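Engineer: Got a structure here, written out as structure tokens. Questions coming.
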Amino acid sequence: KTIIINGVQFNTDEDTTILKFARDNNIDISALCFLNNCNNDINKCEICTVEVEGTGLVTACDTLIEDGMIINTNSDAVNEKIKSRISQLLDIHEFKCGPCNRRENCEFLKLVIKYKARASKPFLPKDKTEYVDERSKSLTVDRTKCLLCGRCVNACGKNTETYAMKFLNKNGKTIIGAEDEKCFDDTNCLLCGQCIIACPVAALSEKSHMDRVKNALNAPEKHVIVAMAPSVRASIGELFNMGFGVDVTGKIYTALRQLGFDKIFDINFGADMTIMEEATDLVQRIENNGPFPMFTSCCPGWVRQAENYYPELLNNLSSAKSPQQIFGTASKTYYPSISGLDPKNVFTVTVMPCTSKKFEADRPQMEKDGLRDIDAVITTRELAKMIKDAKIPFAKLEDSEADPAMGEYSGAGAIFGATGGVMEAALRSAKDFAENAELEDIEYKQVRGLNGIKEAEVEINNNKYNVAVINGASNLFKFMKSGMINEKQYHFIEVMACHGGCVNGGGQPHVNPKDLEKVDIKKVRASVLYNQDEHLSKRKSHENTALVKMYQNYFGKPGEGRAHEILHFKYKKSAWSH
Ligand code: 402
Ligand code: SF4
Ligand code: SF4
Ligand code: SF4
Ligand code: SF4
Ligand code: FES
Numbered sequence: 002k003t004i005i006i007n008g009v010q011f012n013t014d015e016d017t018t019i020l021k022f023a024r025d026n027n028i029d030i031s032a033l034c035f036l037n038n039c040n041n042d043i044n045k046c047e048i049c050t051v052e053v054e055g056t057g058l059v060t061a062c063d064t065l066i067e068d069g070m071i072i073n074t075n076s077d078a079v080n081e082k083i084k085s086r087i088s089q090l091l092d093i094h095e096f097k098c099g100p101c102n103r104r105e106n107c108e109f110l111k112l113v114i115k116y117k118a119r120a121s122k123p124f125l126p127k128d129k130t131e132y133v134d135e136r137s138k139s140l141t142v143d144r145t146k147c148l149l150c151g152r153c154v155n156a157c158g159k160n161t162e163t164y165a166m167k168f169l170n171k172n173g174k175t176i177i178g179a180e181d182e183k184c185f186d187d188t189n190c191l192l193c194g195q196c197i198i199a200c201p202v203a204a205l206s207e208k209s210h211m212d213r214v215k216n217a218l219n220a221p222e223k224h225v226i227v228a229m230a231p232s233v234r235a236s237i238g239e240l241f242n243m244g245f246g247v248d249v250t251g252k253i254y255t256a257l258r259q260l261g262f263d264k265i266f267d268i269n270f271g272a273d274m275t276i277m278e279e280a281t282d283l284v285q286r287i288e289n290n291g292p293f294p295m296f297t298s299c300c301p302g303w304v305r306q307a308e309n310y311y312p313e314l315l316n317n318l319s320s321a322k323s324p325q326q327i328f329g330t331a332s333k334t335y336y337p338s339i340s341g342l343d344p345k346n347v348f349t350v351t352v353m354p355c356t357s358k359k360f361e362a363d364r365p366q367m368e369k370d371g372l373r374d375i376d377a378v379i380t381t382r383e384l385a386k387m388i389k390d391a392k393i394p395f396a397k398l399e400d401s402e403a404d405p406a407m408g409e410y411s412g413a414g415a416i417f418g419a420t421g422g423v424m425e426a427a428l429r430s431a432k433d434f435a436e437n438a439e440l441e442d443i444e445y446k447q448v449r450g451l452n453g454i455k456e457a458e459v460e461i462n463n464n465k466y467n468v469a470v471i472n473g474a475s476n477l478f479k480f481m482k483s484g485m486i487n488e489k490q491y492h493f494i495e496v497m498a499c500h501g502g503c504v505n506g507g508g509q510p511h512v513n514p515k516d517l518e519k520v521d522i523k524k525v526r527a528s529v530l531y532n533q534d535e536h537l538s539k540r541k542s543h544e545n546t547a548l549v550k551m552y553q554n555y556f557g558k559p560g561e562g563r564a565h566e567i568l569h570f571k572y573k574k575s576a577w578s579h
């Protein structure tokens, strides 16, 4: 073929789009509607408009390149078209970058600044109670910001295949939301927040728990514990312009101490706990040989998915609480027993890459003695804001350490944040448990990677068992619907709602669609975790000294009596009715 773009001739044989072919060279083409190799098929943004000699203005997103084409990307007509579309977008956009939370990384602001567009009538409503949906424990919607972009809808479509995010005809207007515009919590939505991740504006956000944190930090009698997720230490640095794949653990600890937090712990400790329990009940599930298989229950999105699509699998879920909740359970029981704190005056805060964790911490039965397990959950973005508003020079902070009592962790817990991490961590301990032997080879590298469905065979104590790692909700839907589950007898299965693991959660830093061509965000984020794993001396959850101490002096032996009654939570399917 022969292509002419801006006068320059290209000879190629690639069968792609104009946008892609131009971006594989250095021809700039603005785009808003195009993401995840999909565009809004109904009201196309036409931001990627170019001019094909003989045809006219076309959208480069969904236009295949052909011989004889002469393309213009910056002719007068093209830019008047784009400026037109952007102005039209501004006509329904409250561009009060006044207190906006997408200010420092908004794509729409970038487009407006680029083409210098202005609205014909500035959109400024008296009340916004009509445009705002904050009923959800995990999600908030601000339609004063929405561009009717479709990117959220497509993202939900391809990450979950649930279509919990729909287009809706709300009394004349076209909006986005849930089934019958009810609250997301009340639908089949997984609250995985991958809607937020694909959103270019402040239209979709996480339900904020920041004031919840401050009102505890300023409360005199309130002793505020804080513990972060595995992924956070490998992601938050991005929001402070530090680059991709940077370990900022010590910096995080320092910032948390500078924010007024009374105790610095880590959710990886709880990941080690979850491994203790889960490996134990895996083995007592072994020489019972049932009920097989056993699914992981640490991902709240996968939990909600099961409840809404496969409740007959709820009994096959592990009764062991997720790292967050199993940490919260110990911080209100065991931690006062080694600190002398009135447990009622204890306030546990987790830093998460997830948004579903909010819905998981506000579950009615996540209590004992009236006391919550987790009182507040903030995301990576929330922690970043909370740091910036305190004007804490994060990128230049020196490294601290957490508090060891429930803060130190093993390499097994360190890789939870990746897909296949829970699998590997569980196997390392379960094998030693069943064989009564401290094995040396602990790296299970078949379950790693970004493949959708991963399968492996392992032999625990001279007997072979089949394990599977599901990487993404849509992949769970595929794994079940395509009958792969009823192929071979599976024995242990890991499911993560977000493709790539928790490192790609709904509460993670928004990455520009023009840094994504450069960086494999999932692998780059996971790299830190996998390195932390190997450079740690203790690489198994039952090798965490603090955890062991905890188990001997409070919980007793795992999977039993005390440990079972306090540290576990099981899901019950609704009984048959009509
Ligand atoms: N609780 C919990 Fe987990 C742990 O530890 C996080 O904290 Fe994950 C991460 N990173 C998230 O969000 S959840 C499901 N499993 C694997 S990792
Ligand atoms: S969401 Fe972005 S474009 Fe919209 S007002 Fe806020 S900063 Fe400006
Ligand atoms: S909420 Fe965001 S991603 Fe979804 S259509 Fe509106 S602007 Fe696009
Ligand atoms: S949280 Fe997940 S399932 Fe719910 S609308 Fe967003 S992408 Fe879809
Ligand atoms: S995979 Fe991790 S970040 Fe995504 S919904 Fe599950 S727990 Fe949350
Ligand atoms: S980016 Fe091509 S129509 Fe939206």
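Heads up: the sequence shown begins at 2 in the authors' numbering, then just goes up one per residue.
Idealized CB from N, CA, C, for every residue including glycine.
Which of helix, strand or coil does DSSP assign to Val520?
Structural biologist: Correct three-state label for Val520: coil.
Engineer: Let me know the secondary structure DSSP gives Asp181 once reduced to three states.
Structural biologist: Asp181 falls in the helix class under three-state DSSP.
Engineer: Between the Cα of residue 1 and those of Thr50, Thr56, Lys97 and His94, spot the shortest distance and give me the residue it belongs to.
Structural biologist: No answer is possible for residue 1: the residues shown for the chain start at 2 and end at 579.
Engineer: Starting from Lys432, trace the alpha helix (DSSP H) both ways and give me its first and last residue.
Structural biologist: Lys432 -> alpha helix (DSSP H) spans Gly422 to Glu436.
Engineer: Cβ atoms of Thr17 and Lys2: under 7 Å apart, would you say?
Structural biologist: Not a contact, by the Cβ cut-off of 7 Å.
Engineer: Quick check: the Cα distance between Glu239 and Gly69, rounded to an integer number of angstroms?
Structural biologist: The alpha-carbon atoms of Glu239 and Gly69 are separated by roughly 43 Å.
Engineer: Going by the beta-carbon positions, is the gap between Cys499 and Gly506 smaller than 7 Å?
Structural biologist: Against a cut-off of 7 Å, the Cβ pair of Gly506 and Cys499 comes out as a contact.
Engineer: Exposed or buried, what is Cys355 when buried is set at 16 or more other beta-carbons lying within 10 Å of its beta-carbon?
Structural biologist: The residue is buried, with at least 16 neighbouring Cβ atoms inside 10 Å.
Engineer: I'd like to confirm something about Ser528: is its beta-carbon nearer than 6 Å to some heavy atom of ligand 1, or not?
Structural biologist: No, Cβ of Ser528 sits at least 6 Å from all heavy atoms of ligand 1.
Engineer: Count the other CB atoms, across all protein chains shown, that sit within 10 Å of the CB of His210; report buried if there are 16 or more and exposed otherwise.
Structural biologist: The residue in question, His210, is buried, as its Cβ has 16 or more Cβ neighbours within 10 Å.
Engineer: For residue 1, collect the residues of the same chain with a Cβ closer than 7 Å to its Cβ; drop the 5 residues on either side in sequence, then sort them by chain order.
Structural biologist: Limits of the chain in this structure are 2 at one end and 579 at the other, which puts residue 1 out of reach.
Engineer: Closer than 6 Å: is that where the CB of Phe109 sits relative to any heavy atom of ligand 2?
Structural biologist: Yes, the Cβ of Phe109 comes within 6 Å of a heavy atom of ligand 2.
Engineer: If you drop the 5 nearest sequence neighbours on each side, which residues of the same chain put their C-beta closer than 7 Å to that of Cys153?
Structural biologist: So the qualifying residues of the chain are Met166, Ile177, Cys196, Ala199, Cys200 and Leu205.
Engineer: Count the CB pairs spanning the segment 309-329 and the segment 381-390 that are closer than 8 Å, and state whether there are at least three.
Structural biologist: As far as the Cβ criterion goes, the segment 309-329 does not touch the segment 381-390, which means the pair count is below three.
Engineer: Compute the Euclidean distance between the alpha carbons of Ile6 and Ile72, then round it to the nearest angstrom.
Structural biologist: One C-alpha to the other measures close to 5 Å.
Engineer: With burial defined as no fewer than 16 other Cβ atoms inside 10 Å of the residue's Cβ, what is the status of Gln326: buried or exposed?
Structural biologist: With 16 or more Cβ atoms within 10 Å of its Cβ, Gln326 is classed as buried.
Engineer: Would the beta-carbon of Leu205 be found less than 6 Å away from any heavy atom of ligand 3?
Structural biologist: Yes - ligand 3 has a heavy atom lying nearer than 6 Å to the Cβ of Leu205.
Engineer: Within the present structure, is the beta-carbon of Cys157 separated from the nearest heavy atom of ligand 3 by less than 6 Å?
Structural biologist: Every heavy atom of ligand 3 is 6 Å or more from the Cβ of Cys157, so no.
Engineer: Identify whether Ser209 lies in helix, strand or coil by the three-state DSSP scheme.
Structural biologist: Note: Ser209 maps to coil in three-state DSSP.
Engineer: Buried or exposed: which applies to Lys127, given that a residue is buried once 16 or more other Cβ atoms fall within 10 Å of its Cβ?
Structural biologist: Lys127 comes out exposed.
Engineer: Rounded to whole angstroms, what is the Cα-Cα separation between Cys39 and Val59?
Structural biologist: The straight-line gap from Cα to Cα measures roughly 16 Å.
Engineer: Could you tell me which residues DSSP pairs with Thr60 in its beta bridges?
Structural biologist: Partner(s): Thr50.
Engineer: Tell me where the beta strand (DSSP E) around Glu458 begins and ends.
Structural biologist: Element bounds for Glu458: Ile454 to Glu460.
Engineer: Can you confirm whether the segment 372-387 touches the segment 343-363 when touching is taken to mean that 3 or more C-beta pairs between the two stretches lie within less than 8 Å?
Structural biologist: The answer is yes - the segment 372-387 touches the segment 343-363, with three or more Cβ pairs under 8 Å.
Engineer: So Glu383 is in the alpha helix (DSSP H); what residue range does that whole segment cover?
Structural biologist: From DSSP, the alpha helix (DSSP H) with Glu383 extends over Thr381 to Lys389.
Engineer: Could you spell out the range, first to last residue, of the beta strand (DSSP E) harbouring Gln10?
Structural biologist: Taken as a continuous stretch (DSSP letters only), the beta strand (DSSP E) holding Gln10 covers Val9 to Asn12.
Engineer: Considering only the alpha carbon of each residue, which of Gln490, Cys503 and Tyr491 lies closest to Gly473?
Structural biologist: Nearest option by C-alpha distance: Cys503.
Engineer: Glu95 to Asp363, Cα distance in whole Å?
Structural biologist: Spanning the two alpha carbons is a distance of roughly 32 Å.
Engineer: Are the beta-carbon atoms of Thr255 and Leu398 separated by less than 7 Å?
Structural biologist: Contact flag set, yes.
Engineer: Helix, strand or coil for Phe348? Go by DSSP, reduced to three states.
Structural biologist: Strand.
Engineer: Can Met277 be considered in contact with ligand 1, in the sense that its beta carbon sits closer than 6 Å to one or more heavy atoms?
Structural biologist: No - ligand 1 has no heavy atom lying nearer than 6 Å to the Cβ of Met277.
Engineer: Tell me whether the segment 401-417 and the segment 259-274 touch, counting them as touching only if at least three CB pairs, one residue from each stretch, are closer than 8 Å.
Structural biologist: With a cut-off of 8 Å, the segment 259-274 and the segment 401-417 count as touching, because enough Cβ pairs lie within range.
Engineer: Applying the 10 Å Cβ sphere with the 16-neighbour rule, what's the burial state of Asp282?
Structural biologist: Buried is the call here.
Engineer: Cβ atoms of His224 and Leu372: under 7 Å apart, would you say?
Structural biologist: Result no, Cβ atoms of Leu372 and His224 do not sit closer than 7 Å.
Engineer: Classify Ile265: buried if its beta carbon has 16 or more other beta carbons within 10 angstroms, exposed otherwise.
Structural biologist: Flag for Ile265 reads buried.
Engineer: Report yes if the C-beta of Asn37 is less than 6 Å from at least one heavy atom of ligand 6; otherwise report no.
Structural biologist: Checking every heavy atom of ligand 6 against the Cβ of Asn37, none is found closer than 6 Å.
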